[PDB]
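Novice: Below you'll find the structure I mean.
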Amino acid sequence: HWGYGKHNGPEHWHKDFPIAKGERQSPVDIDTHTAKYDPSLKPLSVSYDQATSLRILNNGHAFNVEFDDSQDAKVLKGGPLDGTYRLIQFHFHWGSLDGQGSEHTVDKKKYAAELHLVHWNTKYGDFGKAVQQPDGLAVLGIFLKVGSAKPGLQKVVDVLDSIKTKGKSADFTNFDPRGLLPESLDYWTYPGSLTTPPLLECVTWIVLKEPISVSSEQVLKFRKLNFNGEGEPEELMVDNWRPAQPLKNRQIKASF
Ligand SMILES: CN1CCN(NC(=S)Nc2ccc(S(N)(=O)=O)cc2)CC1
Ligand SMILES: [Zn+2]
């Protein structure tokens with residue numbers, strides 16, 4: 001029954017998921033002065049023109065926008081990656097206040113939220129097989145700061161009303177994730193894990209340096225969601241982020 005509360009929060013996860021104290025856990029603080037430019041990095045390729053979203057789901061921890069990954073279309077390639085990774089879902093982590101909410105930090109700076117675009121390595125054939133491989137997943141992480149609105153986000157926030165509580169879902173077709181991307185594809189990369197149980201160490205992290213801006217009004221709508229199911233006492237879905245974990249035997253590489 002893991003969550004983000006006092007009694008079932010990140011400091012508790014290791015009891016059911018001992019890999020919480022592993023060698024390549026996420027997220028991490030990104031120390032910009034220690035990160036090193038890596039010339040071996042190839043150009044990053046974010047090809048989302050043919051993406052087909054299907055649904056949005058409140059899963060009791062976040063909301064996921066799910067994509068039809070039955071065929072190759074929305075893919076991530078290049079950068080640190082070998083091969084082709086298919087987009088399967090995106091979600092956010094966000095805070096109770098604008099000064100916290102991201103998982104990754106940049107010289108210990110917390111952003112108001114963090115977008116995760118989750119992709120799996122098609123050479124393993126299905127997502128389930130991919131999450132048993134050390135190079136199974138690639139997650140493209142994008143910070144959110146509060147300022148001007150992000151027009152490409154508004155459709156997301158406009159449907160949240162209909163998936164307030166855990167287990168609720170709504171149709172969510174024809175959403176274009178290209179509208180969530182910043183101008184620059186400059187990134188940091190390192191090997192890590194899922195940031196929620198079961199914390200599997202299968203992820204290549206690609207974290208963009210340029211945040212996107214969203215409005216106070218847009219993030220306020222995220223904070224009106226519920227962790228709980230329908231009819232249950234309200235627990236606002238806020239602070240669903242895991243803090244920075246030990247870097248251990250890793251180096252963060254910069255694309256720039
Ligand atoms: C048990 N089962 C394992 C598979 N899981 N599916 C997904 S897509 N999990 C997932 C969890 C966290 C991240 S994050 N936050 O690292 O991007 C990205 C993906 C669902 C639950
Ligand atoms: Zn995430």
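Residue numbering restarts at 1 for every chain of the structure tokens, chains are lettered A, B, ... in their displayed order, and ligands are numbered from 1 as they appear.
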Enumerate, in order of chain and increasing residue number, the residues of chain A with an atom no farther than 7 Å from ligand 2, each with its shortest atom pair and distance in Å to one decimal, counting only C-alpha atoms and all ligand atoms, as a Markdown table.

Specialist:
```
| residue | atom | partner | partner_atom_place_in_ligand_line | distance |
| --- | --- | --- | --- | --- |
| A:91 | CA | ligand 2 | 1 (Zn) | 6.1 |
| A:92 | CA | ligand 2 | 1 (Zn) | 6.0 |
| A:93 | CA | ligand 2 | 1 (Zn) | 6.3 |
| A:116 | CA | ligand 2 | 1 (Zn) | 5.0 |
| A:195 | CA | ligand 2 | 1 (Zn) | 5.9 |
```

Novice: If you run DSSP on this backbone, which residues of region 42-146 of chain A come out as strand (DSSP E), and could you give them as a PyMOL selection string?

Specialist: chain A and resi 44-47+53-58+63-67+75-78+85-94+105-106+113-121+137-146

Novice: Enumerate as a PyMOL selection string the residues within 9 Å of ligand 1, counting only C-alpha atoms and all ligand atoms.

Specialist: chain A and resi 26-27+64+88-93+103+115-120+127-128+131+137-141+192-200+203+205+241-242

Novice: Could you take the residues named above and write them with N, CA, C and O atoms, as a short mmCIF file (atom, residue, chain, number, x, y, z; two decimals), in the first residue's frame?

Specialist:
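Dumped everything to result.cif:
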```cif
data_model
loop_
_atom_site.label_atom_id
_atom_site.label_comp_id
_atom_site.auth_asym_id
_atom_site.auth_seq_id
_atom_site.Cartn_x
_atom_site.Cartn_y
_atom_site.Cartn_z
N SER A 26 16.65 6.43 -8.87
CA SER A 26 16.20 7.72 -9.37
C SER A 26 15.09 8.29 -8.48
O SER A 26 14.37 7.48 -7.88
N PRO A 27 14.95 9.61 -8.41
CA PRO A 27 15.76 10.58 -9.13
C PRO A 27 17.07 10.90 -8.42
O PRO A 27 17.39 10.30 -7.38
N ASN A 64 -2.00 9.33 -15.82
CA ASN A 64 -1.26 8.94 -16.99
C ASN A 64 -2.10 9.22 -18.24
O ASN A 64 -3.29 8.88 -18.23
N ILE A 88 4.84 5.15 -24.46
CA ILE A 88 3.69 4.41 -23.93
C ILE A 88 2.81 5.27 -23.05
O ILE A 88 1.59 5.08 -23.10
N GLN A 89 3.36 6.20 -22.27
CA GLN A 89 2.54 7.07 -21.44
C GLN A 89 3.37 8.28 -21.00
O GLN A 89 4.60 8.20 -21.03
N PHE A 90 2.68 9.33 -20.58
CA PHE A 90 3.35 10.39 -19.83
C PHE A 90 2.53 10.65 -18.57
O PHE A 90 1.33 10.39 -18.54
N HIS A 91 3.20 11.23 -17.60
CA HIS A 91 2.62 11.67 -16.35
C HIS A 91 3.50 12.76 -15.74
O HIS A 91 4.59 13.01 -16.25
N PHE A 92 3.01 13.39 -14.68
CA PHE A 92 3.72 14.41 -13.95
C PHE A 92 3.84 14.02 -12.46
O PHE A 92 3.14 13.15 -11.93
N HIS A 93 4.75 14.71 -11.80
CA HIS A 93 4.89 14.74 -10.35
C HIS A 93 4.88 16.23 -10.01
O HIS A 93 5.47 17.00 -10.78
N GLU A 103 11.10 15.78 -9.12
CA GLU A 103 11.90 14.67 -8.62
C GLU A 103 13.40 14.90 -8.80
O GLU A 103 14.14 14.94 -7.81
N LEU A 115 7.54 16.57 -15.81
CA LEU A 115 6.91 15.71 -16.79
C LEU A 115 7.79 14.53 -17.13
O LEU A 115 8.98 14.67 -17.44
N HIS A 116 7.20 13.33 -17.09
CA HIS A 116 7.92 12.13 -17.51
C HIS A 116 7.26 11.50 -18.73
O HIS A 116 6.12 11.05 -18.57
N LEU A 117 7.97 11.48 -19.84
CA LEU A 117 7.52 10.78 -21.05
C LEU A 117 8.22 9.43 -21.08
O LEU A 117 9.44 9.33 -21.21
N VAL A 118 7.44 8.37 -20.92
CA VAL A 118 7.97 7.03 -20.71
C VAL A 118 8.00 6.22 -22.01
O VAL A 118 6.99 6.11 -22.72
N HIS A 119 9.16 5.65 -22.31
CA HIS A 119 9.31 4.89 -23.55
C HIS A 119 9.96 3.54 -23.33
O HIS A 119 10.83 3.46 -22.43
N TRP A 120 9.60 2.52 -24.11
CA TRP A 120 10.26 1.22 -23.95
C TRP A 120 10.98 0.75 -25.21
O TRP A 120 10.58 1.00 -26.35
N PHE A 127 6.51 -4.20 -23.29
CA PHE A 127 6.88 -3.43 -22.12
C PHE A 127 7.31 -4.35 -20.99
O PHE A 127 8.31 -4.10 -20.32
N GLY A 128 6.50 -5.39 -20.72
CA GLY A 128 6.85 -6.29 -19.62
C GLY A 128 8.21 -6.95 -19.70
O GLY A 128 8.88 -7.18 -18.70
N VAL A 131 10.99 -4.19 -19.04
CA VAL A 131 11.26 -3.87 -17.63
C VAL A 131 11.96 -4.99 -16.89
O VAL A 131 12.11 -4.97 -15.67
N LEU A 137 14.10 0.78 -20.71
CA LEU A 137 13.26 1.97 -20.74
C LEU A 137 14.07 3.24 -20.97
O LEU A 137 15.25 3.27 -20.62
N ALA A 138 13.42 4.24 -21.54
CA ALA A 138 13.99 5.61 -21.61
C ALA A 138 12.90 6.56 -21.15
O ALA A 138 11.77 6.52 -21.67
N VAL A 139 13.22 7.40 -20.17
CA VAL A 139 12.29 8.41 -19.72
C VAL A 139 12.89 9.81 -19.97
O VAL A 139 14.00 10.14 -19.56
N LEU A 140 12.13 10.61 -20.71
CA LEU A 140 12.42 11.99 -21.06
C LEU A 140 11.74 12.86 -20.02
O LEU A 140 10.51 12.86 -19.92
N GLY A 141 12.58 13.55 -19.25
CA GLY A 141 12.09 14.33 -18.13
C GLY A 141 12.17 15.82 -18.45
O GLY A 141 13.17 16.27 -19.00
N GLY A 192 19.39 5.04 -14.50
CA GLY A 192 18.67 5.03 -13.24
C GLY A 192 17.52 4.08 -13.20
O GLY A 192 17.58 3.02 -13.83
N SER A 193 16.46 4.43 -12.48
CA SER A 193 15.34 3.57 -12.18
C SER A 193 13.97 4.21 -12.38
O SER A 193 13.87 5.40 -12.67
N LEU A 194 12.90 3.43 -12.23
CA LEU A 194 11.57 4.02 -12.04
C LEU A 194 11.60 4.80 -10.72
O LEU A 194 12.32 4.37 -9.79
N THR A 195 10.86 5.89 -10.61
CA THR A 195 10.87 6.66 -9.36
C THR A 195 9.69 6.30 -8.46
O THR A 195 9.50 6.90 -7.39
N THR A 196 8.89 5.32 -8.87
CA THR A 196 7.83 4.76 -8.04
C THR A 196 8.05 3.26 -7.91
O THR A 196 8.68 2.67 -8.81
N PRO A 197 7.56 2.63 -6.85
CA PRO A 197 7.57 1.15 -6.78
C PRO A 197 7.00 0.58 -8.06
O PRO A 197 6.02 1.10 -8.61
N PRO A 198 7.62 -0.48 -8.58
CA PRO A 198 8.69 -1.24 -7.96
C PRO A 198 10.13 -0.81 -8.17
O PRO A 198 11.05 -1.59 -7.88
N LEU A 199 10.40 0.41 -8.62
CA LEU A 199 11.70 1.07 -8.60
C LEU A 199 12.77 0.35 -9.44
O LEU A 199 13.95 0.31 -9.11
N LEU A 200 12.27 -0.22 -10.53
CA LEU A 200 13.10 -1.08 -11.36
C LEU A 200 14.24 -0.30 -12.02
O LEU A 200 14.05 0.79 -12.56
N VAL A 203 16.08 2.10 -16.48
CA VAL A 203 15.84 3.36 -17.19
C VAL A 203 17.13 4.09 -17.57
O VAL A 203 18.03 4.24 -16.75
N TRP A 205 17.85 7.77 -18.19
CA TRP A 205 17.23 9.09 -18.00
C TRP A 205 17.85 10.12 -18.92
O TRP A 205 19.06 10.22 -19.05
N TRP A 241 6.11 13.24 -5.35
CA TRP A 241 7.47 13.16 -5.87
C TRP A 241 8.36 12.41 -4.88
O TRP A 241 8.21 12.52 -3.67
N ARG A 242 9.31 11.65 -5.40
CA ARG A 242 10.36 11.04 -4.62
C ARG A 242 11.56 11.97 -4.56
O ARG A 242 11.89 12.57 -5.57
#
```

Novice: Go through A:146, A:56, A:236, A:28 and flag the residue nearest residue 207 (chain A), using only C-alpha atoms for the distances.

Specialist: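 Closest to residue 207 (chain A), using only C-alpha atoms: A:28.
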
Novice: Looking at A:86, A:108, A:14, A:33, which one is nearest to residue 52 (chain A), with distances taken over only C-alpha atoms?

Specialist: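 Smallest distance to residue 52 (chain A) is found for A:86.
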
Novice: Which residues, written as a JSON list (two decimals) with C-alpha atoms, in the first residue's frame, have at least one atom at most 12 Å from residue 157 (chain A), with only C-alpha atoms counted and residues fewer than 2 positions away on the same chain left out?

Specialist:
```json
[["chain", "number", "residue", "atom", "x", "y", "z"],
["A", 56, "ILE", "CA", -6.14, 9.54, -19.34],
["A", 63, "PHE", "CA", -2.54, 10.67, -13.88],
["A", 65, "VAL", "CA", -1.96, 9.91, -20.60],
["A", 92, "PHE", "CA", 3.72, 14.41, -13.95],
["A", 149, "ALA", "CA", 0.66, 29.30, -19.46],
["A", 150, "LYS", "CA", 1.61, 26.35, -21.69],
["A", 151, "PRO", "CA", -1.12, 26.27, -24.33],
["A", 152, "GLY", "CA", -0.34, 22.65, -25.22],
["A", 153, "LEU", "CA", -1.11, 21.59, -21.65],
["A", 154, "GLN", "CA", -4.54, 23.14, -21.41],
["A", 155, "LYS", "CA", -6.33, 20.14, -22.87],
["A", 159, "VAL", "CA", -10.12, 16.99, -18.46],
["A", 160, "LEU", "CA", -8.84, 16.51, -14.90],
["A", 161, "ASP", "CA", -12.28, 17.40, -13.62],
["A", 162, "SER", "CA", -13.50, 14.10, -15.04],
["A", 163, "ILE", "CA", -10.85, 11.86, -13.41],
["A", 164, "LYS", "CA", -10.74, 13.40, -9.96],
["A", 172, "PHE", "CA", -8.21, 11.19, -24.40],
["A", 214, "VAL", "CA", 2.92, 26.64, -17.01],
["A", 215, "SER", "CA", 0.55, 29.02, -15.30],
["A", 216, "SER", "CA", -0.37, 29.14, -11.65],
["A", 217, "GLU", "CA", -3.88, 28.29, -12.79],
["A", 218, "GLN", "CA", -2.78, 25.19, -14.67],
["A", 219, "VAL", "CA", -0.80, 23.70, -11.78],
["A", 220, "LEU", "CA", -3.55, 24.63, -9.34],
["A", 221, "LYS", "CA", -5.78, 22.23, -11.30],
["A", 222, "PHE", "CA", -3.25, 19.41, -10.80],
["A", 223, "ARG", "CA", -3.53, 20.02, -7.06],
["A", 224, "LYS", "CA", -7.31, 19.54, -7.10],
["A", 225, "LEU", "CA", -6.93, 15.86, -7.98]]
```

Novice: Leaving out residue 98 (chain A) and any residue of its chain fewer than 5 positions from it, which residues lie within 8 Å of it when counting only C-alpha atoms, given as a VMD selection string?

Specialist: chain A and resid 111 to 112 145 to 146

Novice: Nearest to residue 211 (chain A) among A:254, A:238, A:106, A:19, with distances taken over only C-alpha atoms: which residue is it?

Specialist: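 Using only C-alpha atoms, the shortest distance to residue 211 (chain A) belongs to A:106.
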
Novice: If you count only C-alpha atoms, which residues fall within 8 Å of residue 60 (chain A), apart from same-chain ones fewer than 5 positions away, as a VMD selection string?

Specialist: chain A and resid 165 to 167 226 to 229

Novice: Pull N, CA and C atoms from the residues just selected and write them as a compact mmCIF listing (two decimals), in the first residue's frame.

Specialist:
```txt
# COMPACT_ATOMS: atom_id res chain seq x y z
N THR A 165 -10.72 11.15 -9.03
CA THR A 165 -10.43 10.15 -8.02
C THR A 165 -9.81 8.89 -8.63
N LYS A 166 -9.06 8.19 -7.78
CA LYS A 166 -8.36 6.99 -8.16
C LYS A 166 -9.26 5.98 -8.86
N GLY A 167 -8.82 5.51 -10.02
CA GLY A 167 -9.49 4.49 -10.79
C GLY A 167 -10.38 5.01 -11.90
N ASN A 226 -7.37 13.96 -6.54
CA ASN A 226 -7.40 13.17 -5.34
C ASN A 226 -6.58 11.88 -5.47
N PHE A 227 -5.88 11.57 -4.39
CA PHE A 227 -5.24 10.27 -4.20
C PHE A 227 -6.28 9.16 -3.95
N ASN A 228 -7.38 9.54 -3.32
CA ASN A 228 -8.38 8.58 -2.84
C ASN A 228 -9.34 8.23 -3.95
N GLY A 229 -10.17 7.21 -3.73
CA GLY A 229 -11.19 6.83 -4.68
C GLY A 229 -12.48 7.58 -4.40
```

Novice: Can you work out the spacing between CA of residue 41 (chain A) and CA of residue 253 (chain A) in Å, to one decimal?

Specialist: 8.9 Å

Novice: Could you please write out, as a PyMOL selection string, every residue of region 19-223 of chain A that DSSP assigns to alpha helix (DSSP H)?

Specialist: chain A and resi 127-130+154-159+216-222

Novice: Which is closer to residue 31 (chain A) than all the others in A:247, A:46, A:156, A:54, using only C-alpha atoms?

Specialist: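 When distances to residue 31 (chain A) are compared using only C-alpha atoms, the smallest one comes from A:247.
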
Novice: At a cut-off of 9 Å, using only C-alpha atoms, what residues contact residue 51 (chain A)? Leave out same-chain residues fewer than 5 positions from it and give the result as a PyMOL selection string.

Specialist: chain A and resi 67-69+73-75+87+174-177

Novice: Quick one: distance from CA of residue 2 (chain A) to CA of residue 16 (chain A) in Å, one decimal?

Specialist: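 Value for the CA of residue 2 (chain A)-CA of residue 16 (chain A) distance: 8.8 Å.
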
Novice: Ranking A:114, A:239, A:234, A:49 by minimum distance to residue 143 (chain A) and counting only C-alpha atoms, which one comes first?

Specialist: A:114

Novice: Could you tell me how far CA of residue 240 (chain A) lies from CA of residue 17 (chain A), in Å and to one decimal?

Specialist: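 So the answer is 17.7 Å.
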
Novice: Would you mind telling me which residue in A:202, A:208, A:121, A:11 lies nearest to residue 183 (chain A) when using only C-alpha atoms?

Specialist: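 Counting only C-alpha atoms, the residue closest to residue 183 (chain A) is A:208.
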